[PDB]
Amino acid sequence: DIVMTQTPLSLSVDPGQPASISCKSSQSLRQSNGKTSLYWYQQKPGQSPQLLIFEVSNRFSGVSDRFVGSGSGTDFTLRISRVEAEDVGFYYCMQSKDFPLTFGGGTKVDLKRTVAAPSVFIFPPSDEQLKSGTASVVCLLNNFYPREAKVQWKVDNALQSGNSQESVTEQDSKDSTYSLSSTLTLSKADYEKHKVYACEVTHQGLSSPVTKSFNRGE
């Protein structure tokens, strides 16, 4: 297998400014016929992939000349001149030199905006749910930018691991922010065992991490 290494994994863009995405292959992509089998695809929110560039530098019919592909051997670049807001989405390189056809891991392009700290909320499990033997505790991080954030659960000061899952919205069309939920799942017995439930939030928009918490039963 030829492995494709795409960088960076994410990129925030200011409209009008350039953007560059690179793709490295673990073997050379130059064919016998002198053609180099490197392709670039764009995948917009909710859409299927679309061909942008074929064989390193050739634009597919209809693709804006703002997209320029370059490179040779194992080192390739897709450069977007004068980024527009409609350019957000995922970009993938792909090789067809040999089977299996392989893709890069993708690059997520979002819209740059000013840093916005999350508003943090914590929700205890409902009495309804507790009646059924399970407790879900939910932490909400609302309307923040950039996407990078850390959320950790502490129960009576003990760091939890392996018992939470996170989910994140797409960048908002109106304010360009994200929101994120983290849900901690415990048995009722485990929930009843401890007193203080806290979710600790680290984000560059906050001077110090923010902790929200409640006391069970109160």
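Numbers for residues come from their place in the sequence shown, where the first is 1.
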Requested in this report: Please work out which of 128 to 136 and 73 to 81 has the higher mean CA B-factor as recorded in the PDB entry.
Outcome: 128 to 136
Query raised in the report: Got a sec? Mean C-alpha B-factor, which is higher, 44 to 52 or 161 to 169?
Result: 44 to 52
Requested in this report: Choose from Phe60, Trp153, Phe67, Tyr39 the residue with the greatest Cα B-factor as stated in the PDB record.
Outcome: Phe60
Query raised in the report: With respect to the C-alpha temperature factors reported in the PDB entry, which of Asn33, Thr185, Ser181, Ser176 ranks highest?
Result: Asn33
Query - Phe121, C-alpha B-factor rank within chain (lowest, middle or highest third) - result: lowest
Report summary line: Split the chain's modelled residues into thirds by Cα B-factor; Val109 lands in the middle
Requested in this report: Taking the values exactly as deposited, rank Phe90 by C-alpha B-factor within its chain and report the matching third: lowest, middle or highest.
Outcome: lowest
Query raised in the report: Should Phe144 be placed in the lowest, middle or highest third of its chain by the C-alpha B factor in the entry?
Result: middle
Query raised in the report: Going by what the PDB entry lists, where does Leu11 fall on CA B-factor within its chain: lowest, middle or highest third?
Result: middle
